[PDB]
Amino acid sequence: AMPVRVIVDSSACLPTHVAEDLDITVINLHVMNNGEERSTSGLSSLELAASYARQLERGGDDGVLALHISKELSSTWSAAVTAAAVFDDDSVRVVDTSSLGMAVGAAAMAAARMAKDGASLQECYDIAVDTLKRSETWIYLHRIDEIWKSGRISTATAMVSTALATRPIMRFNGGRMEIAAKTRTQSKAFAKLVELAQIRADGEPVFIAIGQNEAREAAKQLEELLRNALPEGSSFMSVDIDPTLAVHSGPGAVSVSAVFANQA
């Protein structure tokens, strides 16, 4: 048997050389630059059928695990489930992530490593699900213009962009996007983020991926802050926020994807 093959989309934010080293297939989400405005698009079921069949062929049909952006942020999952039903029962297993970014990238790396040791599809599936259940995703927005126009803030969350404050920490819970702090300076926002991750760590080492979009310096300052505050033996990785997501986060955005010892 050939190892199970792992596929994510670009929203997972895996660095290119990591995806390459671990043989994780990356499919890019769409950015349309037409006229002045940028917009984005999920993956169609047709592109996923092609992408999955190609990984099945390559892995001698011993299984594909697919990990895509949350079904509440994108039509991708819905396309993935349609493409997966085109193959024999359980050739393609679609993880229902309720997440995006390196919480998903992390689940994919754990699944790829297990696949490498000959783990079955079900077993790679379980590792991926367990990594996600123990993750959190926070985002610092340096401005709220692009998040507001994205359609991913429910009106229950904020009826008017004013309700977001000016530099909030956002968090994903149950797939959906929430305000974790109505902060107004980067300093206060970072301090609060560090606070939340620290509580959530609960004295145990954490794995952390810090994402940035045009915020290289800021992401460095935040990492430094998190190093001092998080339990000893925590590890830190840097990633670039997928340009598809950067369309909706705006410039200056910094994300923290964390995997913890325990459940929430």
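Position 1 is the first residue in the sequence shown; the rest follow in order.
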Higher avg CA temperature factor (59-67 vs 29-37, as deposited) belongs to 29-37
Of 117-125 and 152-160, which one has the bigger average CA B-factor? 152-160
Lowest, middle or highest third - CA B-factor, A53: lowest
How does the C-alpha B factor of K133 compare with the rest of the chain: lowest, middle or highest third? middle
Position of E20 among the chain's modelled residues by C-alpha B-factor, lowest, middle or highest third: highest
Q198: C-alpha B-factor third of its chain, per the entry, is the highest
Third assignment of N213 from its chain's C-alpha B-factors: middle
